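Content type mmCIF, C-alpha atoms, from the file entry24.cif:
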data_upload
#
loop_
_atom_site.label_atom_id
_atom_site.label_comp_id
_atom_site.auth_asym_id
_atom_site.auth_seq_id
_atom_site.Cartn_x
_atom_site.Cartn_y
_atom_site.Cartn_z
CA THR J 52 16.87 16.09 13.82
CA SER J 53 15.33 16.43 10.36
CA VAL J 54 17.20 13.64 8.59
CA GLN J 55 16.79 11.51 11.72
CA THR J 56 12.98 11.54 11.93
CA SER J 57 12.90 11.36 8.13
CA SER J 58 15.14 8.31 8.44
CA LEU J 59 12.83 6.81 11.04
CA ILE J 60 9.69 7.61 9.04
CA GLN J 61 11.18 5.80 6.05
CA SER J 62 12.01 2.74 8.16
CA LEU J 63 8.54 2.64 9.64
CA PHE J 64 7.22 2.80 6.05
CA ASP J 65 9.65 0.06 4.94
CA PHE J 66 8.56 -2.02 7.91
CA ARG J 67 4.92 -2.14 6.76
CA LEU J 68 5.90 -3.04 3.17
CA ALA J 69 8.26 -5.76 4.43
CA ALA J 70 5.47 -7.37 6.46
CA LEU J 71 3.21 -7.52 3.39
CA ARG J 72 5.99 -8.80 1.15
CA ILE J 73 6.90 -11.58 3.59
CA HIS J 74 3.33 -12.80 3.96
CA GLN J 75 2.75 -12.44 0.21
CA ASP J 76 5.81 -14.50 -0.80
CA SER J 77 5.05 -17.09 1.86
CA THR J 78 1.44 -17.47 0.76
CA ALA J 79 2.59 -17.63 -2.86
CA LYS J 80 4.09 -21.01 -1.96
CA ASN J 81 1.11 -22.48 -0.13
CA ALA J 82 0.02 -25.68 -1.86
CA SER J 83 -3.52 -24.99 -0.66
CA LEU J 84 -3.49 -21.76 -2.65
CA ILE J 85 -1.91 -23.41 -5.67
CA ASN J 86 -4.38 -26.29 -5.83
CA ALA J 87 -7.43 -24.23 -4.88
CA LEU J 88 -6.33 -22.15 -7.85
CA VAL J 89 -5.54 -24.81 -10.46
CA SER J 90 -9.10 -26.02 -9.90
CA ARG J 91 -10.00 -22.68 -11.38
CA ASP J 92 -12.68 -22.87 -8.69
CA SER J 93 -12.67 -19.07 -8.52
CA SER J 94 -15.05 -19.27 -5.61
CA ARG J 95 -12.90 -21.74 -3.65
CA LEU J 96 -9.92 -19.39 -3.49
CA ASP J 97 -12.24 -17.26 -1.37
CA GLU J 98 -12.23 -19.22 1.93
CA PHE J 99 -8.49 -19.66 1.54
CA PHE J 100 -7.51 -15.99 1.73
CA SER J 101 -10.18 -15.55 4.37
CA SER J 102 -8.19 -18.12 6.37
CA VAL J 103 -4.86 -16.38 5.79
CA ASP J 104 -6.27 -13.10 7.09
CA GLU J 105 -8.45 -14.85 9.66
CA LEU J 106 -5.19 -15.33 11.55
CA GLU J 107 -3.56 -12.01 10.59
CA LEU J 108 -6.27 -9.49 9.64
CA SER J 109 -3.89 -6.87 11.04
CA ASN J 110 -1.24 -7.30 8.32
CA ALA J 111 -3.61 -7.90 5.40
CA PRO J 112 -3.31 -6.02 2.07
CA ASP J 113 -6.19 -3.75 1.02
CA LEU J 114 -6.66 -5.75 -2.15
CA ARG J 115 -5.64 -9.06 -3.67
CA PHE J 116 -6.22 -10.59 -7.09
CA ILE J 117 -4.65 -13.39 -9.13
CA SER J 118 -3.57 -12.91 -12.74
CA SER J 119 -2.71 -15.25 -15.59
CA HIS J 120 -1.68 -12.99 -18.45
CA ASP J 121 -4.11 -10.11 -19.06
CA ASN J 122 -6.74 -12.41 -17.56
CA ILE J 123 -8.02 -12.16 -13.98
CA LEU J 124 -8.82 -15.58 -12.53
CA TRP J 125 -9.68 -14.19 -9.11
CA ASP J 126 -10.31 -10.94 -7.22
CA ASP J 127 -11.02 -10.59 -3.49
CA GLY J 128 -13.59 -8.02 -4.53
CA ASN J 129 -12.17 -5.14 -2.48
CA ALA J 130 -11.12 -3.10 -5.49
CA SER J 131 -14.81 -2.25 -5.79
CA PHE J 132 -15.00 -0.73 -2.31
CA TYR J 133 -12.26 1.61 -3.47
CA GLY J 134 -14.13 2.55 -6.62
CA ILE J 135 -11.57 0.72 -8.73
CA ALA J 136 -13.13 -0.67 -11.92
CA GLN J 137 -12.40 -4.28 -12.80
CA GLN J 138 -10.92 -3.01 -16.08
CA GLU J 139 -8.44 -0.68 -14.38
CA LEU J 140 -7.28 -3.68 -12.38
CA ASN J 141 -6.40 -5.33 -15.71
CA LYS J 142 -4.30 -2.34 -16.65
CA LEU J 143 -2.33 -2.73 -13.41
CA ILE J 144 -1.32 -6.24 -14.47
CA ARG J 145 0.91 -4.69 -17.10
CA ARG J 146 2.02 -1.77 -14.92
CA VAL J 147 3.55 -4.06 -12.31
CA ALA J 148 5.69 -5.96 -14.84
CA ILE J 149 8.34 -7.51 -12.60
CA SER J 150 8.14 -9.60 -9.41
CA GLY J 151 9.71 -9.03 -6.00
CA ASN J 152 9.42 -5.24 -6.20
CA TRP J 153 6.80 -2.83 -4.89
CA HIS J 154 5.31 -0.52 -7.52
CA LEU J 155 3.81 2.90 -6.81
CA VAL J 156 0.92 3.15 -9.26
CA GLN J 157 -2.20 5.31 -9.55
CA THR J 158 -5.60 4.34 -10.90
CA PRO J 159 -8.76 6.29 -11.76
CA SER J 160 -11.54 5.70 -9.26
CA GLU J 161 -15.08 7.05 -8.97
CA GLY J 162 -13.29 10.28 -8.21
CA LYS J 163 -9.76 11.51 -7.61
CA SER J 164 -6.99 9.16 -8.68
CA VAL J 165 -6.19 6.46 -6.13
CA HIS J 166 -2.52 5.87 -5.22
CA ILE J 167 -1.58 2.22 -4.66
CA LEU J 168 1.55 0.30 -3.69
CA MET J 169 1.42 -3.02 -5.52
CA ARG J 170 3.57 -6.11 -5.66
CA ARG J 171 3.44 -9.33 -7.68
CA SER J 172 4.47 -12.81 -6.55
CA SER J 173 4.75 -15.82 -8.88
CA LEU J 174 2.43 -18.74 -8.18
CA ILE J 175 4.36 -21.89 -9.07
CA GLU J 176 3.28 -25.49 -8.67
CA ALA J 177 4.71 -28.51 -6.84
CA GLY J 178 8.05 -29.34 -8.44
CA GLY J 180 5.13 -27.97 -13.22
CA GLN J 181 5.52 -24.20 -12.76
CA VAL J 182 3.75 -20.78 -12.97
CA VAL J 183 -0.01 -21.21 -12.56
CA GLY J 184 -0.42 -17.46 -12.18
CA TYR J 185 0.50 -14.40 -10.16
CA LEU J 186 -0.77 -13.04 -6.87
CA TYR J 187 -1.04 -9.27 -6.71
CA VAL J 188 -1.42 -7.46 -3.39
CA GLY J 189 -1.96 -3.76 -2.96
CA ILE J 190 -2.08 -1.06 -0.28
CA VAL J 191 -4.33 1.91 -1.02
CA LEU J 192 -2.77 5.12 0.28
CA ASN J 193 -5.81 7.42 -0.08
CA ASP J 194 -7.54 7.69 3.29
CA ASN J 195 -5.41 4.90 4.71
CA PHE J 196 -5.52 6.22 8.28
CA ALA J 197 -4.18 3.04 9.85
CA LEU J 198 -0.99 3.15 7.80
CA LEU J 199 -0.22 6.80 8.57
CA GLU J 200 -1.19 6.61 12.25
CA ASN J 201 1.03 3.56 12.66
CA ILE J 202 3.95 5.65 11.32
CA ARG J 203 2.97 8.64 13.48
CA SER J 204 2.96 6.60 16.67
CA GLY J 205 6.02 4.58 15.70
CA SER J 206 7.89 7.86 15.26
CA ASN J 207 6.15 9.52 18.20
CA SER J 208 5.25 12.41 15.89
CA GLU J 209 2.63 15.00 16.82
CA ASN J 210 0.88 14.72 13.48
CA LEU J 211 1.57 13.52 9.96
CA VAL J 212 0.15 14.27 6.52
CA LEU J 213 0.76 12.00 3.55
CA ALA J 214 0.48 13.95 0.33
CA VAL J 215 1.24 14.03 -3.38
CA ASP J 216 2.48 17.51 -4.32
CA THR J 217 -0.10 19.75 -2.66
CA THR J 218 -2.90 17.20 -2.45
CA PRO J 219 -3.27 15.27 0.82
CA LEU J 220 -3.89 11.51 0.64
CA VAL J 221 -4.43 10.98 4.36
CA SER J 222 -3.83 12.94 7.57
CA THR J 223 -3.71 12.28 11.31
CA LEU J 224 -4.88 15.79 12.28
CA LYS J 225 -7.88 15.77 14.66
CA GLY J 226 -9.00 19.23 13.61
CA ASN J 227 -8.61 20.90 16.98
CA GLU J 228 -4.96 21.80 16.28
CA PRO J 229 -3.60 25.41 16.12
CA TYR J 230 -2.55 24.64 12.55
CA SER J 231 -4.76 23.47 9.66
CA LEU J 232 -4.18 20.70 7.11
CA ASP J 233 -3.96 23.41 4.47
CA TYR J 234 -1.15 25.16 6.37
CA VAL J 235 0.77 21.93 6.90
CA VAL J 236 0.69 20.98 3.19
CA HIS J 237 1.64 24.35 1.79
CA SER J 238 4.21 24.90 4.53
CA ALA J 239 7.92 25.42 3.93
CA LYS J 240 10.06 22.52 5.18
CA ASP J 241 12.17 22.46 8.33
CA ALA J 242 11.58 26.19 9.17
CA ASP J 245 8.16 29.05 13.77
CA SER J 246 5.82 27.69 16.37
CA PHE J 247 5.10 24.52 14.44
CA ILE J 248 8.12 23.08 12.66
CA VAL J 249 7.10 21.02 9.63
CA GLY J 250 9.48 18.41 8.30
CA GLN J 251 9.20 16.86 4.85
CA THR J 252 10.09 13.30 3.89
CA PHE J 253 9.80 11.90 0.39
CA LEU J 254 9.39 8.15 0.71
CA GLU J 255 11.54 5.72 -1.24
CA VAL J 256 9.91 2.54 -2.54
CA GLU J 257 12.47 -0.21 -3.20
CA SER J 258 15.20 2.37 -2.48
CA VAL J 259 13.76 4.42 -5.37
CA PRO J 260 12.65 8.09 -4.97
CA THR J 261 8.91 8.72 -5.14
CA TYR J 262 6.54 11.70 -5.05
CA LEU J 263 4.94 10.51 -1.78
CA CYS J 264 5.69 13.23 0.79
CA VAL J 265 5.20 12.83 4.51
CA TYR J 266 4.80 16.11 6.38
CA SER J 267 5.73 15.79 10.04
CA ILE J 268 4.69 18.48 12.49
CA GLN J 269 6.43 19.31 15.73
CA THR J 270 6.04 22.28 18.09
CA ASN J 271 9.13 24.09 19.43
#
What is this file in structure tokens?
Amino acid sequence: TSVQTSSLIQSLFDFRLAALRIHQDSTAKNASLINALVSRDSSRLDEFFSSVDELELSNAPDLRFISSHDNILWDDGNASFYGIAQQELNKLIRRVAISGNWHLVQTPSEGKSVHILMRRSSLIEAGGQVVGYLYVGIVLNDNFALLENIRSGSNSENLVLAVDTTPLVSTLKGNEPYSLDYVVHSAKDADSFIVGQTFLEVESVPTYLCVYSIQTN
């Protein structure tokens, strides 16, 4: 049923965000991180995160960077691969004002605007305090792994993650009877290929992220 797959899709989505939050908040309390940081040895923080992912590459964020006010002490350097300019990253610092909550934000890239789910976690020190903030983000554009993981987890035929009429990522192979174009401009829960619509909530808050789910009669 509509609301039932929609419900499942949302939980699968929540599941991925929960995994990142948990690891984020846990790493935010790792002395190693805190001291590697305080040393302001920008370049030392590098092996550290490499170690964190070394053991969990699967659940790693697409981008990480540490802030201290409008300053950026460190950046894993992935923002660049996404065409995100170091300066836009600074603007995100402000955007994601509070901690403990995921933020759906969009940034200009070397092309279309990139949609990102970001979250901030305070970096406190051994019994002193805030030495900075760790920001982690998930880039939605072309994030095939994220969408496919939801498709399989929900045993859906195909999924399309979009913003309005513009697709961010799709699981369609291309050999389907229906095209991406049809799926995005389709009318919800109506045919040979029933297309459900699910607007994802982030932190129980409504968003414009729409997941189109396709199922054949």
How close does segment 197-236 of chain J get to segment 154-163 of chain J? List, as CSV, each residue of segment 197-236 of chain J within 12 Å, its nearest atom pair and the distance in Å to one decimal, counting all atoms listed in the file.
residue,atom,partner,partner_atom,distance
J:215,CA,J:157,CA,11.2
J:218,CA,J:163,CA,10.3
J:219,CA,J:163,CA,11.3
J:220,CA,J:163,CA,10.1
Using all atoms listed in the file: which of J:130, J:198, J:249, J:103 has the shortest distance to residue 75 of chain J: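 Ranking J:130, J:198, J:249, J:103 by distance to residue 75 of chain J, first place goes to J:103.
The environment of segment 124-126 of chain J within 7 Å, counting all atoms listed in the file and disregarding residues fewer than 3 places along the same chain, consists of residues 93, 115, 116, 117, 118 and 119 of chain J.
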Residues returned when the PyMOL selection byres ((chain J and resi 175) around 12) runs on this file, as an MDAnalysis selection string: chainID J and resid 76:86 88:89 119 172:174 176:178 180:186
The PyMOL selection byres ((chain J and resi 233-239) around 10) resolved against shown file, as a ChimeraX atom specification: /J:210-219,224,230-232,240-242,247-251,264-268
Proximity to residue 187 of chain J - best of J:54, J:202, J:263, J:167, all atoms listed in the file: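 Smallest distance to residue 187 of chain J is found for J:167.
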Evaluate the PyMOL selection byres ((chain J and resi 207) around 12) and report residues as a PyMOL selection string: chain J and resi 56+59-60+63+199-206+208-211+267-269
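Here the question is which of J:106, J:166, J:58, J:138 gets nearest to residue 262 of chain J using only C-alpha atoms, and that residue is J:166.
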d(atom CA of residue 131 of chain J, atom CA of residue 149 of chain J) in Å: 24.7 Å
Distance criterion (all atoms listed in the file): nearest to residue 87 of chain J out of J:113, J:145, J:99, J:227: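 Comparing J:113, J:145, J:99, J:227 against residue 87 of chain J, the winner is J:99.
The space separating atom CA of residue 143 of chain J from atom CA of residue 221 of chain J comes to 22.5 Å.
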Residues near residue 65 of chain J, cut-off 12 Å, only C-alpha atoms, skip fewer than 4 positions along chain, as a list in words: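 Contacts, in chain order: residues 58, 59, 60, 61, 69, 70, 71, 72, 153, 168, 198, 202, 254, 255, 256, 257, 258 and 259 of chain J.
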Between atom CA of residue 260 of chain J and atom CA of residue 194 of chain J, distance in Å (one decimal):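 Separating atom CA of residue 260 of chain J from atom CA of residue 194 of chain J is a distance of 21.8 Å.
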Nearest residue to residue 246 of chain J from the set J:94, J:270, J:222, J:152 (distances using only C-alpha atoms): J:270
